[PDB]
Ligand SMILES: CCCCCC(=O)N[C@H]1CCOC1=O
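Given next, in structure tokens, is a single chain: the form solved without the ligand.
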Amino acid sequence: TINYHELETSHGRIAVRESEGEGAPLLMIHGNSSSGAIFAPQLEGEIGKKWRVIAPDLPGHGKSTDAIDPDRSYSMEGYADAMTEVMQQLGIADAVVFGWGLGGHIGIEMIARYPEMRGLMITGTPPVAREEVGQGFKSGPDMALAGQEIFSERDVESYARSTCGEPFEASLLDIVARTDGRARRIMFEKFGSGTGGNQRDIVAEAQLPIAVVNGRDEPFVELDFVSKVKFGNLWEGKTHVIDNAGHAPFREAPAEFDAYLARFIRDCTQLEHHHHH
């Protein structure tokens, strides 16, 4: 039922999964060391049945090749460039974008590159300036793995379990183990160095609807900090919290997460939204 295909891009060969939905398009961007396969509940469920869900693999991840040029590609802004190129190749200029973790940071960098984006939802993602990483994220061993090049077998399992939450599945180890570890190291260094656009300022000034949805028991993200971030156009006027979920509510609590995602897509595609400047 899922349409799997591969695109030759300037960054390398990028794997793409598409649902069968005939409705407005949604780009879902996976997180650090993950893959678009993680979005099975949306791809194969009611979201993907109605809307055209597009879930690619970032360069160095999943079934995509490693980046032709790691120095160009492995950064929040480089990934944003790659996803923008993917969408252009697919002929889709006005997707709603959902980004998970790293994918949410990528979505923020895409705002400048993809101006007809109809909305952005970020989950597991604190918009932070480089100097705010400590405020936005919780410190710990799995957080530290996010920027570590070489994963042992234990690291793979630890990172998979913590980032993906309940339930753990063996297939997650294959996804995380595949990841080009250079991508972790280089992206995290460039994030801390602010090589791309300041994400705090970007979300404050962005005019499109931005939705914020997180699991209450987030082990990586400081939810209080997130609830205080200034957004230009915060969807439904607040950040949203789902009980009995952590870093990955789209798989830990799919029904509740999907209620938010479906309503957000409906709003972004069915209501008027101006740009007053």
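Sequential numbering from 1, following the sequence displayed.
What comes next is about the form solved in complex with the ligand, which is not displayed.
Contact annotation: the ligand lies within 4.5 Å of heavy atoms from the stretch 30-38 in the bound PDB entry, the single such stretch among 30-38, 207-215, 49-57, 238-246. Listed residues 175, 76, 96, 110 were compared with the ligand in the bound PDB entry; 76 is the one with a heavy atom within 4.5 Å. Of the candidates 82, 102, 203, 160, 102 is the one whose heavy atoms come within 4.5 Å of the ligand in the bound PDB entry; the others do not. In the bound PDB entry, the ligand sits within 4.5 Å of a heavy atom of residue 188. Within 4.5 Å of any heavy atom of the ligand in the bound PDB entry lies no heavy atom of residue 156. Of the heavy atoms in residue 86, none are within 4.5 Å of the ligand in the bound PDB entry. Contact annotation: residue 90 falls outside 4.5 Å of the ligand in the bound PDB entry, judged by heavy atom distances.
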